[PDB]
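Participant: Encoded as structure tokens, here's the structure I'll be asking about.
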Amino acid sequence: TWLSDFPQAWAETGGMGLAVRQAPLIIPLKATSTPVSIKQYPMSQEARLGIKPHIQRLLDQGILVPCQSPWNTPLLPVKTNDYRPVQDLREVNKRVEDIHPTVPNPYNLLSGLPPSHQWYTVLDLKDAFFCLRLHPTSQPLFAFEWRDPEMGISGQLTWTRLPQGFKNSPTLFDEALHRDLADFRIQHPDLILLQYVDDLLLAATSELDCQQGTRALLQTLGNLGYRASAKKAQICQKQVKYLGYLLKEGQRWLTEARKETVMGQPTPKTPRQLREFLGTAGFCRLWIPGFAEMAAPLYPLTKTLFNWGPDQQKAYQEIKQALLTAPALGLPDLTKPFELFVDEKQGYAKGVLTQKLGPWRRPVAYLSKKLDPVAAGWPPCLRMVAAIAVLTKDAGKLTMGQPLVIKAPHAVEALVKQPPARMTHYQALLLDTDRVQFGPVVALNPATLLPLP
């Protein structure tokens, strides 16, 4: 019934997308750039015949158009017996002006979601980038060659919409939609709307508010020319998957699918493989307690010889073990006080940001960082101070200057005041007791990192 009441909004019924409020895009190039014409890949026939209807359908939609350009890039077939066209815009991307990535990575986005809104509707937009038009100035940029030896049709085609493979399509679209939805954001103070490029989350306090909000959102998305996938929608559910995170009743999990992308990486044998392993797993560092110290043996194996010893394997094992046993994280409650439990061992700072839940403490985040070399050399009880200081600044990213209590296995509010160099900067954000308070000393659990009775 959600399908009929909004025909224009679903890609299944509402046809092709087109941001009506968006002007055609001009694509600035680098100053030293010059047209590059790459010879066409001598395509197979088995591919050229499966690719053909996709191309024809784009011509009918006017998204592809004939042209004649000094530019040209390869059109490769890809992957059942379903061949889809994919254009190698590498040499083009190199010649285009870079832009500031204003896209907030999934986590920092989800972090902006309150627990008081436990009714979710997730949507994704079908053929997002194509909804944006390409100004005739910069169309010739994405020209490619199309032939059909069964016809003798060696001509050129190019895109009238923002293409796939172009390095700036994500940011551009994100900005476009963010602009196009500001109005909807304004006219719904009771709803939270989250956005990663073409992935949308609508959070509401009640189920009613959610339903109505979703109706509004769909009507708007329709009116704007955007089109959502009805097959993959998650409408008005207490529990939803969004950007590879499971949201359910004021709580947040790593979906198993998101785990797999790290769990499924073979033991890195080259330094680059290890780099990207840590790079991928690094996104889930706020689920891994003591991650900075845990992944310590693996860091030095970068850019040197690659001695994959027992330590490296042990760490590599810990990191996956820590994902298999990754906890639930509660969405930060900015209408509550925060508690921060900090600890340090061997020049690595680890800690946990928690909040009240019933009489229990529910972890909001696990904070861990390496102490800079100068601090890493400091004596035992000073590195603690350094650790607390470092983690506090990271917690600030989540608490938003809210009231925050600190606890450590060796309380140390004193030494902050009477240091017998770098203190001028530490006393700044620590002795500011409007946001920051201390607590009694207390040792914490090596795993959970919560206090001991």
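Residue numbers start at 1 in each chain; chains themselves are named A, B, ... in the order of the structure tokens; ligands are numbered from 1 in the order shown.
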Identify, on the basis of only C-alpha atoms, every residue whose closest approach to segment 59-71 of chain A does not exceed 8 Å; exclude the query and any residue fewer than 6 positions from it along the same chain; express the result as an NGL selection string.

Facilitator: :A and (35-38 or 130 or 140-144 or 155-161)

Participant: Please produce an output containing N, CA and C atoms for each residue in the selection, written as an mmCIF file, in the first residue's frame.

Facilitator:
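File produced: again_35.cif:
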```cif
data_model
loop_
_atom_site.group_PDB
_atom_site.id
_atom_site.type_symbol
_atom_site.label_atom_id
_atom_site.label_comp_id
_atom_site.auth_asym_id
_atom_site.auth_seq_id
_atom_site.Cartn_x
_atom_site.Cartn_y
_atom_site.Cartn_z
ATOM 1 N N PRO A 35 42.888 17.138 -23.508
ATOM 2 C CA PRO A 35 42.119 15.954 -23.911
ATOM 3 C C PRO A 35 42.972 14.707 -24.125
ATOM 4 N N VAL A 36 42.474 13.574 -23.642
ATOM 5 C CA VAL A 36 43.139 12.290 -23.817
ATOM 6 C C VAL A 36 42.189 11.339 -24.537
ATOM 7 N N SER A 37 42.641 10.804 -25.668
ATOM 8 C CA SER A 37 41.840 9.866 -26.443
ATOM 9 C C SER A 37 42.467 8.481 -26.408
ATOM 10 N N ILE A 38 41.846 7.590 -25.646
ATOM 11 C CA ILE A 38 42.328 6.226 -25.493
ATOM 12 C C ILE A 38 41.617 5.309 -26.479
ATOM 13 N N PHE A 130 22.563 9.572 -11.813
ATOM 14 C CA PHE A 130 21.911 9.916 -13.072
ATOM 15 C C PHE A 130 20.830 10.980 -12.893
ATOM 16 N N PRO A 140 31.474 16.395 -23.351
ATOM 17 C CA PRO A 140 32.530 15.824 -24.197
ATOM 18 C C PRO A 140 33.642 15.159 -23.392
ATOM 19 N N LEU A 141 33.704 15.478 -22.103
ATOM 20 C CA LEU A 141 34.693 14.905 -21.205
ATOM 21 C C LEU A 141 34.547 13.396 -21.096
ATOM 22 N N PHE A 142 33.306 12.917 -21.096
ATOM 23 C CA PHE A 142 33.045 11.508 -20.819
ATOM 24 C C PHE A 142 32.656 10.749 -22.078
ATOM 25 N N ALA A 143 33.186 11.193 -23.209
ATOM 26 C CA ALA A 143 32.930 10.519 -24.467
ATOM 27 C C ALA A 143 33.596 9.154 -24.444
ATOM 28 N N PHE A 144 32.949 8.176 -25.067
ATOM 29 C CA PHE A 144 33.568 6.885 -25.323
ATOM 30 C C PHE A 144 33.183 6.444 -26.726
ATOM 31 N N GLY A 155 31.013 5.045 -33.980
ATOM 32 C CA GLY A 155 30.806 6.427 -33.590
ATOM 33 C C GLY A 155 31.161 6.668 -32.137
ATOM 34 N N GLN A 156 30.888 7.881 -31.665
ATOM 35 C CA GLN A 156 31.078 8.231 -30.262
ATOM 36 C C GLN A 156 29.738 8.448 -29.568
ATOM 37 N N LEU A 157 29.730 8.242 -28.254
ATOM 38 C CA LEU A 157 28.593 8.579 -27.405
ATOM 39 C C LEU A 157 29.114 9.259 -26.151
ATOM 40 N N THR A 158 28.274 10.060 -25.504
ATOM 41 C CA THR A 158 28.643 10.627 -24.214
ATOM 42 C C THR A 158 27.428 10.823 -23.314
ATOM 43 N N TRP A 159 27.706 11.198 -22.069
ATOM 44 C CA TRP A 159 26.703 11.235 -21.017
ATOM 45 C C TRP A 159 26.109 12.623 -20.826
ATOM 46 N N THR A 160 24.793 12.669 -20.645
ATOM 47 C CA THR A 160 24.091 13.912 -20.353
ATOM 48 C C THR A 160 23.741 13.976 -18.870
ATOM 49 N N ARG A 161 24.025 12.888 -18.158
ATOM 50 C CA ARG A 161 23.863 12.836 -16.709
ATOM 51 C C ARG A 161 25.201 12.493 -16.066
#
```

Participant: Just want the 8 Å neighbourhood of residue 248 of chain A, counted on only C-alpha atoms, with same-chain residues fewer than 5 positions away dropped. Output as an NGL selection string.

Facilitator: :A and (118 or 238-240)

Participant: Applying 10 Å and only C-alpha atoms, which residues near residue 51 of chain A remain after dropping the ones on its own chain fewer than 2 positions away? List them as a VMD selection string.

Facilitator: chain A and resid 45 to 49 53 to 56 75 to 78 82 to 86

Participant: Quote the spacing between atom CA of residue 11 of chain A and atom CA of residue 89 of chain A in Å to one decimal place.

Facilitator: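 Here the two named atoms are 26.7 Å from each other.
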
Participant: If you run DSSP over the backbone, which residues in segment 203-332 of chain A end up alpha helix (DSSP H)? Put them as a PyMOL selection string.

Facilitator: chain A and resi 207-224+256-263+271-281+291-294+310-324

Participant: For a quick check of understanding, using only C-alpha atoms, which of A:261, A:188, A:228, A:404 has the smallest distance to residue 335 of chain A?

Facilitator: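 Closest residue, counting only C-alpha atoms: A:404.
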
Participant: Quick one: residues within 8 Å of residue 271 of chain A, only C-alpha atoms counted, chain neighbours fewer than 5 positions away excluded, as a VMD selection string?

Facilitator: chain A and resid 301 to 303 306

Participant: Mind writing the picked residues with N, CA, C and O atoms as a PDB file, in the first residue's frame?

Facilitator:
```pdb
ATOM      1  N   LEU A 301      55.013  -3.047  10.435  1.00  0.00           N
ATOM      2  CA  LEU A 301      55.162  -3.760   9.171  1.00  0.00           C
ATOM      3  C   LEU A 301      54.547  -2.951   8.030  1.00  0.00           C
ATOM      4  O   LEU A 301      53.563  -3.368   7.421  1.00  0.00           O
ATOM      5  N   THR A 302      55.137  -1.794   7.748  1.00  0.00           N
ATOM      6  CA  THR A 302      54.626  -0.897   6.716  1.00  0.00           C
ATOM      7  C   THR A 302      55.778  -0.265   5.939  1.00  0.00           C
ATOM      8  O   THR A 302      56.866  -0.082   6.483  1.00  0.00           O
ATOM      9  N   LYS A 303      55.521   0.044   4.669  1.00  0.00           N
ATOM     10  CA  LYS A 303      56.470   0.723   3.782  1.00  0.00           C
ATOM     11  C   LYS A 303      57.894   0.189   3.912  1.00  0.00           C
ATOM     12  O   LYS A 303      58.452  -0.356   2.958  1.00  0.00           O
ATOM     13  N   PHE A 306      59.003  -7.703   5.806  1.00  0.00           N
ATOM     14  CA  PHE A 306      57.700  -8.154   6.276  1.00  0.00           C
ATOM     15  C   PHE A 306      57.812  -9.473   7.042  1.00  0.00           C
ATOM     16  O   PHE A 306      57.520 -10.542   6.507  1.00  0.00           O
TER      17      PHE A 306
END
```

Participant: Considering only C-alpha atoms, can you say which of A:150, A:371, A:274, A:5 comes closest to residue 216 of chain A?

Facilitator: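 So, comparing all the options, the nearest one is A:5.
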
Participant: Got a sec: who's within 8 Å of residue 398 of chain A, counting only C-alpha atoms, leaving out chain neighbours fewer than 4 positions off, as a short mmCIF file (atom, residue, chain, number, x, y, z; two decimals) with N, CA, C and O atoms, in the first residue's frame?

Facilitator:
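Dumped to result31.cif:
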```
data_model
loop_
_atom_site.label_atom_id
_atom_site.label_comp_id
_atom_site.auth_asym_id
_atom_site.auth_seq_id
_atom_site.Cartn_x
_atom_site.Cartn_y
_atom_site.Cartn_z
N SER A 111 26.41 8.69 14.66
CA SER A 111 26.66 9.29 15.96
C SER A 111 25.69 10.45 16.25
O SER A 111 25.44 10.78 17.41
N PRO A 332 24.67 7.95 21.60
CA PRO A 332 24.96 8.94 22.65
C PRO A 332 23.74 9.79 23.03
O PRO A 332 23.04 10.29 22.15
N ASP A 394 38.93 13.08 22.10
CA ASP A 394 38.20 12.22 21.19
C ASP A 394 36.77 12.02 21.67
O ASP A 394 35.83 11.97 20.88
#
```

Participant: Report, in Å to a single decimal, how far apart atom CA of residue 262 of chain A and atom CA of residue 373 of chain A are.

Facilitator: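 Interatomic distance, atom CA of residue 373 of chain A to atom CA of residue 262 of chain A: 29.4 Å.
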
Participant: Identify, on the basis of only C-alpha atoms, every residue whose closest approach to residue 101 of chain A does not exceed 8 Å; exclude the query and any residue fewer than 2 positions from it along the same chain; express the result as a list in words.

Facilitator: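 Residues meeting the cut-off are residues 99, 103 and 171 of chain A.
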
Participant: Can you write just those residues out, C-alpha atoms, as a PDB file, in the first residue's frame?

Facilitator:
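The resulting file, result-v5.pdb, is shown below:
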```pdb
ATOM      1  CA  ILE A  99      36.988  18.813  -4.453  1.00  0.00           C
ATOM      2  CA  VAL A 103      30.801  13.320   3.017  1.00  0.00           C
ATOM      3  CA  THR A 171      30.305  14.231  -3.144  1.00  0.00           C
TER       4      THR A 171
END
```

Participant: For each of A:229, A:170, A:121, A:190, take the minimum atom-to-atom distance to residue 13 of chain A, counting only C-alpha atoms, then give the residue where this is smallest.

Facilitator: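 Checking each of A:229, A:170, A:121, A:190 against residue 13 of chain A, counting only C-alpha atoms, the winner is A:229.
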
Participant: Distance table requested - segment 322-405 of chain A against segment 421-432 of chain A, cut-off 9 Å, only C-alpha atoms: one row per qualifying residue with the closest atom pair and its distance in Å to one decimal, ordered by chain and rising residue number, as a tab-separated table.

Facilitator:
```
residue	atom	partner	partner_atom	distance
A:385	CA	A:426	CA	8.9
A:386	CA	A:426	CA	8.4
A:389	CA	A:426	CA	6.8
A:392	CA	A:430	CA	8.4
A:393	CA	A:429	CA	8.2
```

Participant: Now that the selection is made, can you save its residues with N, CA and C atoms as a PDB file, in the first residue's frame?

Facilitator:
```pdb
ATOM      1  N   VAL A 385      48.134  10.583  32.602  1.00  0.00           N
ATOM      2  CA  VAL A 385      47.615  11.927  32.381  1.00  0.00           C
ATOM      3  C   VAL A 385      47.504  12.193  30.886  1.00  0.00           C
ATOM      4  N   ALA A 386      48.589  11.917  30.169  1.00  0.00           N
ATOM      5  CA  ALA A 386      48.599  12.077  28.718  1.00  0.00           C
ATOM      6  C   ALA A 386      47.464  11.287  28.069  1.00  0.00           C
ATOM      7  N   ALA A 389      44.085  12.833  28.794  1.00  0.00           N
ATOM      8  CA  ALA A 389      44.034  14.040  27.978  1.00  0.00           C
ATOM      9  C   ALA A 389      43.694  13.722  26.525  1.00  0.00           C
ATOM     10  N   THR A 392      40.063  12.194  26.121  1.00  0.00           N
ATOM     11  CA  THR A 392      39.051  13.218  26.379  1.00  0.00           C
ATOM     12  C   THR A 392      38.693  13.991  25.109  1.00  0.00           C
ATOM     13  N   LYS A 393      39.717  14.399  24.367  1.00  0.00           N
ATOM     14  CA  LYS A 393      39.523  15.187  23.156  1.00  0.00           C
ATOM     15  C   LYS A 393      38.744  14.398  22.109  1.00  0.00           C
TER      16      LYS A 393
END
```

Participant: Under the rule that only C-alpha atoms are counted, which of A:124, A:405, A:287, A:168 is the nearest residue to residue 235 of chain A?

Facilitator: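 For residue 235 of chain A, the nearest of the candidates is A:124.
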
Participant: When you draw a straight line from atom CA of residue 181 of chain A to atom CA of residue 243 of chain A, how long is it in Å?

Facilitator: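 Computing it gives 19.3 Å between the two atoms.
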
Participant: Please provide the set of residues having any atom within 10 Å of residue 236 of chain A, restricted to only C-alpha atoms, with same-chain residues fewer than 4 positions apart removed, written as a compact mmCIF listing (two decimals) with N, CA and C atoms, in the first residue's frame.

Facilitator:
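What ended up in result_11.txt:
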```
# COMPACT_ATOMS: atom_id res chain seq x y z
N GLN A 118 13.25 6.00 18.20
CA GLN A 118 13.46 4.58 17.97
C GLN A 118 12.56 4.00 16.88
N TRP A 119 12.00 4.87 16.03
CA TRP A 119 11.22 4.39 14.88
C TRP A 119 11.85 4.82 13.56
N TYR A 120 12.34 3.82 12.82
CA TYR A 120 13.22 4.06 11.69
C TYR A 120 12.59 3.75 10.34
N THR A 121 12.95 4.56 9.34
CA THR A 121 12.67 4.24 7.94
C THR A 121 13.90 4.50 7.08
N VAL A 122 14.47 3.43 6.52
CA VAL A 122 15.65 3.54 5.67
C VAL A 122 15.28 3.44 4.19
N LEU A 202 15.38 7.88 8.20
CA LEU A 202 14.43 8.75 8.88
C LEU A 202 14.05 8.16 10.24
N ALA A 203 14.41 8.87 11.31
CA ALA A 203 14.14 8.42 12.67
C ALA A 203 13.07 9.28 13.33
N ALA A 204 12.12 8.61 13.99
CA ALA A 204 11.03 9.28 14.67
C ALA A 204 10.83 8.71 16.07
N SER A 206 7.71 8.29 17.77
CA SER A 206 6.61 7.33 17.77
C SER A 206 6.52 6.65 16.41
N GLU A 207 5.62 5.67 16.30
CA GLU A 207 5.40 4.98 15.03
C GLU A 207 4.59 5.87 14.09
N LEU A 208 3.65 6.61 14.67
CA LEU A 208 2.82 7.55 13.93
C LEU A 208 3.68 8.60 13.24
N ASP A 209 4.45 9.33 14.04
CA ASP A 209 5.38 10.34 13.55
C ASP A 209 6.24 9.77 12.43
N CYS A 210 6.67 8.53 12.60
CA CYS A 210 7.49 7.85 11.61
C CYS A 210 6.73 7.66 10.30
N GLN A 211 5.53 7.09 10.40
CA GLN A 211 4.69 6.86 9.22
C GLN A 211 4.46 8.16 8.46
N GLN A 212 3.94 9.16 9.17
CA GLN A 212 3.66 10.46 8.56
C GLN A 212 4.93 11.06 7.95
N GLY A 213 6.01 11.05 8.72
CA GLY A 213 7.29 11.55 8.26
C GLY A 213 7.72 10.87 6.98
N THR A 214 7.54 9.56 6.92
CA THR A 214 7.92 8.79 5.74
C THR A 214 7.06 9.20 4.55
N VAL A 240 16.42 -1.72 12.14
CA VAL A 240 16.81 -1.55 10.74
C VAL A 240 18.31 -1.70 10.53
```

Participant: Just checking: using only C-alpha atoms, which residue out of A:147, A:298, A:310, A:351 ends up closest to residue 44 of chain A?

Facilitator: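 The shortest atom-to-atom distance to residue 44 of chain A comes from A:147.
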
Participant: Using only C-alpha atoms, which of the listed residues (A:94, A:259, A:227, A:336) sits closest to residue 322 of chain A?

Facilitator: A:259
